[PDB]
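Asker: Top to bottom, those sequences are chains B, X, Y and F.
Residue 31 in the numbering used here sits at position 31 of the first sequence, with consecutive numbering throughout.
Take the position in the second sequence, starting the count at 1, then add 70; the result is the number in the numbering used here.
Take the position in the third sequence, starting the count at 1, then add 730; the result is the number in the numbering used here.
Take the position in the fourth sequence, starting the count at 1, then add 996; the result is the number in the numbering used here.
The beta carbon of each residue, even a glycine, is placed where N, CA and C say it ideally should be.
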Amino acid sequence: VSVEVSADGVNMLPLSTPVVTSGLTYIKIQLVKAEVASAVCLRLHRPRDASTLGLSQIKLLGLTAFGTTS
Amino acid sequence: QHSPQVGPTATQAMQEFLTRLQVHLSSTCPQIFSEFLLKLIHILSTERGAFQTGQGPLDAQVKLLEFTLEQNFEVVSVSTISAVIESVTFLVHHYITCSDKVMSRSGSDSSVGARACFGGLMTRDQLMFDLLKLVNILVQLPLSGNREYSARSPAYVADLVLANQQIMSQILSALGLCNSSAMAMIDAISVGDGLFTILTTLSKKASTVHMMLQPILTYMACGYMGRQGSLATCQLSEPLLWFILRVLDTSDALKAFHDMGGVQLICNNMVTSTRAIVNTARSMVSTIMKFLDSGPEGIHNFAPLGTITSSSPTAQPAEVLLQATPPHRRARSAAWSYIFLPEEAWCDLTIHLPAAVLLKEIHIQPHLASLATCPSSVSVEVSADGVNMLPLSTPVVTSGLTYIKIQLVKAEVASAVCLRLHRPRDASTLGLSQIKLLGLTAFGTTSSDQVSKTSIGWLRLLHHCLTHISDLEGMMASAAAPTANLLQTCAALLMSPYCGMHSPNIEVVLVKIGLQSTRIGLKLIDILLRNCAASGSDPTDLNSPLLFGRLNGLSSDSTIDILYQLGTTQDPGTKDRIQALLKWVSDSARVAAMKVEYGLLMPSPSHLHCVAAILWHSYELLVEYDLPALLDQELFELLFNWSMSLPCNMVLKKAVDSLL
Amino acid sequence: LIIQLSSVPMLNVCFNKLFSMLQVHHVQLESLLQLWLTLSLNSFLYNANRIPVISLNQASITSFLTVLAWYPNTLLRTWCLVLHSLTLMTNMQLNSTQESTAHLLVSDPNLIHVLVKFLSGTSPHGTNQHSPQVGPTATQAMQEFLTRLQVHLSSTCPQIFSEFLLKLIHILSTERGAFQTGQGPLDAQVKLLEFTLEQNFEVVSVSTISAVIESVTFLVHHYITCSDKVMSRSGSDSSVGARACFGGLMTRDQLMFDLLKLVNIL
Amino acid sequence: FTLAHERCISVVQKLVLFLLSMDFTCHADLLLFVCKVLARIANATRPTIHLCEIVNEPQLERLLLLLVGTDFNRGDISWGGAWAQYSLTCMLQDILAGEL
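1) What did DSSP end up calling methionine 961 (chain Y) once you bin it into helix, strand or coil?
2) Keeping to the same chain, check which residues put their C-beta closer than 7 Å to that of residue 739 (chain X); ignore five residues upstream and five downstream.
3) Just verifying my parser: in three-state terms, what is the DSSP assignment at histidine 112 (chain X)?
4) Looking only at its chain, what residues have a beta carbon closer than 8 Å to the beta carbon of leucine 811 (chain Y), apart from the 5 residues adjacent to it on each side?
5) Identify which residue in Y:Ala974, Y:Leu992, Y:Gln870 and Y:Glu829 has its Cα closest to the Cα of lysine 921 (chain Y).
6) Any chance you could list the beta strand (DSSP E) runs of at least 3 consecutive residues sitting entirely within the segment 484-514 of chain X, in chain order?
7) Please list, in chain order, the chain X residues whose beta carbon lies closer than 8 Å to that of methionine 1087 (chain F).
8) Quick check on the burial criterion: 16 or more other C-beta atoms within 10 angstroms. Buried or exposed for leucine 735 (chain Y)?
9) Mind checking if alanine 1035 (chain F) is an interface residue toward chain Y, Cβ cutoff 8 Å exclusive?
10) Return the Cβ separation of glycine 365 (chain X) and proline 309 (chain X) in integer angstroms, given the expectation that the two are a contact with Cβ distance under 8 Å.
11) For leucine 15 (chain B), which residues in chain Y fall below 8 Å Cβ to Cβ?
12) My output table needs one value for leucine 701 (chain X): the three-state DSSP class, helix, strand or coil.
13) Looking at chain Y, is there any beta carbon in it that lies within less than 8 Å of the beta carbon of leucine 1016 (chain F)?
14) Enumerate in chain order the residues of its own chain whose CB-to-CB distance from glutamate 35 (chain B) is below 6 Å, with the five nearest sequence positions on each side excluded.
15) Mind checking whether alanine 550 (chain X) and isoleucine 583 (chain X) have CB atoms under 8 Å apart?
16) Along the chain, where does the alpha helix (DSSP H) that runs through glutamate 944 (chain Y) open and close?
17) Run down chain B in chain order and give the residues with a C-beta less than 8 Å from the C-beta of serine 964 (chain Y).
18) Taking only three categories from DSSP, how would you classify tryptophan 406 (chain X)?
19) Assign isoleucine 732 (chain Y) to one of two classes, buried (16 or more other C-beta atoms within 10 Å of its C-beta) or exposed (fewer than that).
20) For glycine 570 (chain X), collect the residues of the same chain with a Cβ closer than 7 Å to its Cβ; drop the 5 residues on either side in sequence, then sort them by chain order.
21) So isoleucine 630 (chain X) is in the alpha helix (DSSP H); what residue range does that whole segment cover?
22) Using a Cβ cut-off of 8 Å (strictly closer), state whether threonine 926 (chain Y) contacts chain X.
23) How many angstroms separate the CA atom of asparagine 1069 (chain F) from the CA atom of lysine 991 (chain Y)?
24) Going by other Cβ atoms of all chains shown within 10 Å of its Cβ, with 16 needed for buried, is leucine 1096 (chain F) buried or exposed?
25) Spatial neighbours of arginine 297 (chain X) within its chain, please: C-beta separation below 8 Å, excluding the five flanking residues on both sides.
26) Hey, could you find the ends of the alpha helix (DSSP H) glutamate 543 (chain X) is sitting in?
27) Does the distance from the C-beta atom of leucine 1011 (chain F) to that of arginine 1058 (chain F) stay below 8 Å?
28) Is any beta-carbon of chain X found at less than 8 Å from that of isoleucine 1050 (chain F)?
29) Between the alpha carbons of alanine 37 (chain B) and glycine 9 (chain B), how many angstroms are there, rounded?
30) Using a cut-off of 7 Å between C-beta atoms, extract the partners of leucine 1013 (chain F) located in chain X.
31) Count Cβ pairs between the segment 48-63 of chain B and the segment 103-120 of chain X that sit closer than 8 Å; are there 3 or more?
32) Are there three or more Cβ pairs, one per stretch, closer than 8 Å when the segment 368-387 of chain X is compared with the segment 420-428 of chain X?
33) So if DSSP puts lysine 724 (chain X) in a beta bridge, which residue, or which two residues, is it bridged to?
34) Roughly how many angstroms separate the alpha carbons of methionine 1018 (chain F) and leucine 556 (chain X), rounded to a whole number?
35) Does the Cβ-Cβ distance between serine 892 (chain Y) and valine 946 (chain Y) come in under 8 Å?
36) What residue does the beta strand (DSSP E) around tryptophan 416 (chain X) start on, and which one ends it?
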């Protein structure tokens, strides 16, 4: 998986090198330095053996400037 | 854990940067950009570089080479080109030479290996193939007047490359290690194809046949890595032989090859190499072992006959993993399970076989119902005697694989196998379904390139030299006959199981050489009839040829054809040949009155019938010598006595009576 | 009732010739080592306490190390055979006042090159995928080799062995070394460091110590400074990060921690 | 069942001399049995035969070069195949073990 983050919403910059996620039952990427983001791009690589991708859910966690969410 | 790649965005950014640089510099001075790019490639590919150690992002490097392949090099220097060629040649030779003995890939993968040629009748090997394509483009550049810059009699960089001994030696050695399968039954996809294309271009731009021919002769004149000595001969393969045959396709090339003394070189090489090889085909012993009905893709599963065990005292018994019939694909429980302690990293399973087996493949099938329990990596160890176990290679990564298959490039004699399984990435239990070991046996019902393995390539080269162009043929014959033990070696190669070339070509070679003189004809008659062993061969030397191991006077259709060709060809010396044949017949008849040499003690009936046919068809035609004068009455008396003394109704009597 | 001689003298002569033929490429190293081991251990495992039946010369060992130093590429099986061969050669005697075989091996500059090549390089990198590790067997072989070396040199001159270990660590940890770029097998390196941690450094030099300290400090500072912005683990991993202290109220950071423990001892 | 030492030395010497003189006109399957018979005969005699009695110095060197030499073995290609290599190694090991 390769993760890219865009703050304005048009120009996206990769965050790091791809993360190896073979044989994992749950994928969780944490940022050491929280980043102001308005769009997120996920690039998924072809599986080693099969030829189809299957997914269940995606969650993005963060905080706001004001409001009930800190 | 991160991949050794960079992602689709950075690669495209780098490509855009290079494209902008090229576009801006094109109208002003593209030679500077080309020099910069070549220097970058040279630094990357040099010793202790990124390419040699496999360090950086592979996709970016492949994109760099792809971009480089469409550039223009019309003014670049000549030292840079030579340095790049040397570095790339050394790197590719190193890559081809040292490759792993273990191959493993997904079921989806279908790309052929590196050492496979003539397949058409991401990955690191693609990087090597692109580097060879770059070399092929570079080697065609015309040179300027002072031969210091590439130009915008036309010289070429190929002439500079041909004069470098190390480069040519490395290229030829690398090509000699490849192999082909389609050509066995008689454009570029792999790296061997790239080497073939480079050599073909070098031949096409040589500007003089001597320049191309000299490195080939130097390579054929030395052994392994340039070593000298007796019984040392150069490695030869199928694509290399194909290239050499393509080089000698013209009359001028063959004449120059003869002038340089290559025709003696190949004959000497054949004679020496036959001495240092044992035939690996089957013989009487295998047949007799088959007759005893038993003994100590065609491969068989030996796992069900072995015993499985583990070093963990608290492990579930695993004898079910050896069953031949696989479990159901939709089973809800794994056939075998293992629980890992928090401080444990590896588990081991050992399979013992009742007898030694030539192992080729290992199959492991995980529990498909839940792939989170697939082992993270596997390490394989093999023992031949059964106690000392030696690892085979580095562990193989097997995460997210539905089927594990390990193939050995070199089949190994094994009697015990150890499998070390690594802890899964996420789960904490191991689940397995089946294990299979595939191989072959020395004997029994389960016991089921030729140029590289035998000494037949030199014979094919000699046949090509003799029969390609009929005008020069006689010349070649005159250079081949004086070599020692050549006829004996050719005859020995004639009466063996098919090892890479058909009998008619060997017959043609033997007939063509045996007719260029008269002494050679008598020597060939003696070889075929009364003695076929080496000349001046004492077993006390350990280096002279020793062609034992074959009975004298064995008759086959090829031998009959050769004898008929020799007997009934109208030329000077035919009278001597007929004299020798009749002398052999007389000696065989005389030795029958024994109430010592083999062959004389057993005249083959078909040979006698061939002699009778020769006499009949020679008398029917007209000859320049007196045939009736040769047939004395004493021979008639001997033949009649031999026929009378022999029991009725057998083939020998019929042959003698046909002669009568 | 006749008297019959022994075959070991002529076997010794033949094997010395064979080892002398290596440099000019007349024999193959892997086959030679395998045959050597099989015939020598006929007195049935690779136990590190067995004296070889066949014995070699000083020149044979020198030629062996010289060939190993420049050898183009070695597979894992070749390295295992090499390590077992060296372990047996340590027990061998050069008598038939010379030094011991261990003393000859240690004071040779080529041993450093051989060990660095083993610990900083992988198998040939083809189109297949292999782990950057070496397995449980090669690591054990290397540990046994080092243990035999230490045991033989302890009573004579342990300072030479300690100097050898410190120089090897310094070369590994220097700029453009294996540790700096994370190249070789991690488990073998961790085993080497955890073996080094129990040594005695009584009479070693002082330039070697200073060089080792400088190299390790620079490497650890570089490692702490430049760390990735993205962190990702399995659901089972629980170890804390590098920049976390007072947690008390395999992995590369374990290699760094062991290097720091070495500096603390020094 | 007892084998006398004096009579078998000539047979073993001729067998090993036969081993050293095989070329392309001989086949490996015969070699696999020759090696086994030689080892069994050597171990059968009560004062078992030693390797120094069987071979000569150049003969022993050639025998070892058959297994490790680079003019007979070419990378992945062996002398007479893996079975021949295995048989030669087993024969040498059995003779040496018999002596000691």
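Answerer: On the basis of the supplied data:
1) strand
2) Here chain X has residues from 71 to 730 only, and residue 739 (chain X) is not among them.
3) helix
4) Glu760, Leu763, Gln764 and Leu767
5) Y:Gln870
6) 499-510
7) Neighbours of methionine 1087 (chain F) on chain X: none; closest Cβ ~14 Å, over 8 Å.
8) exposed
9) no
10) Their Cβ separation, rounded to whole angstroms, is 39 Å, which puts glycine 365 (chain X) and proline 309 (chain X) out of contact at 8 Å.
11) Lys959 and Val960
12) Secondary structure of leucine 701 (chain X) (DSSP, three-state): coil.
13) no
14) Excluding positions up to five away in sequence, the list reads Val5.
15) A contact, by the Cβ cut-off of 8 Å.
16) 937-955
17) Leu24
18) strand
19) It counts as exposed.
20) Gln520, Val521, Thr524 and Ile526
21) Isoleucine 630 (chain X) -> alpha helix (DSSP H) spans 627-637.
22) no
23) 50 Å
24) exposed
25) none
26) 543-550
27) With contacts defined as CB atoms closer than 8 Å, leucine 1011 (chain F) and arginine 1058 (chain F) fail to qualify as a contacting pair.
28) no
29) 8 Å
30) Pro609
31) no
32) A contact exists between the segment 368-387 of chain X and the segment 420-428 of chain X.
33) DSSP output for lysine 724 (chain X) lists no bridge partner at all.
34) When rounded, the distance between both Cα atoms is 18 Å.
35) no
36) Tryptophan 416 (chain X) -> beta strand (DSSP E) spans 416-436.
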